[PDB]
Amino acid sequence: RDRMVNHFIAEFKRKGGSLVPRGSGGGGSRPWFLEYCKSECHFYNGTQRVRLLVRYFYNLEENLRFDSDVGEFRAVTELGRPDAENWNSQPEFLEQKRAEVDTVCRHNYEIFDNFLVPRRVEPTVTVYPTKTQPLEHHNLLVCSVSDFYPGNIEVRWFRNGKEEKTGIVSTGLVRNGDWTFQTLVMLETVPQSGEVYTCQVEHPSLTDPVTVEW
């Protein structure tokens, strides 16, 4: 158990003027209005160096943002300017956001470094063909690598010895939403006698690679 997670505090936007609108699509479209915001704490190496980036949207487009590196708000589109200018004129606000790299970004990292960061789950490696009966093209050797976390991993198919670096139909890293990844690395080949196929999976939960021959 760690401390309590901090959050970025919302500021009221001084109304501003009114901008002559660009447009809006219709033809099977119903009217909607969305005020959406994203405060991205970007850690390059833990809390050593961090980059904050707050991105304010509205309907289909980002219209204002606050980059750690720039140090002030910037209009991304005209709609955001009235705000960029106002918030930028509030010196006290500009320091708030500036301190947020710490009071929020780091404060929360530190906490999360206790459970989230080190979360690891070994992948259940699985090999098998899609053997039909005919086809001719030849049923691809499916090396399903499932339920692992973090995402980063390396799955290699080997043709008896060397890294068969081709015909590797893959899904890429698939994300299930319940903090578990998976990926099928399928090898297009013609299974014949006297040759065993291998799947070599290296992962941050694996000290040594997992290899499944077939």
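One-based numbering along the sequence shown.
Between 189-197 and 13-21, the higher mean Cα B-factor belongs to 189-197. Between 169-177 and 153-161, it is 153-161 that carries the larger average Cα temperature factor according to the deposited entry.
Remark: of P134, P82, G71, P123, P134 shows the highest value [criterion: C-alpha B-factor in the PDB entry]. Sorting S29, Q182, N59, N45 by the CA temperature factor given in the entry leaves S29 at the top. Sort the modelled residues of the chain by CA B factor and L140 lands in the highest third. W87: CA B factor in the middle third of modelled residues in this chain (values from the PDB entry). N108 sits in the lowest third of its chain by CA B factor, as recorded in the PDB entry.
Among the modelled residues of the chain, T130 sits in the highest third by CA temperature factor in this PDB entry.
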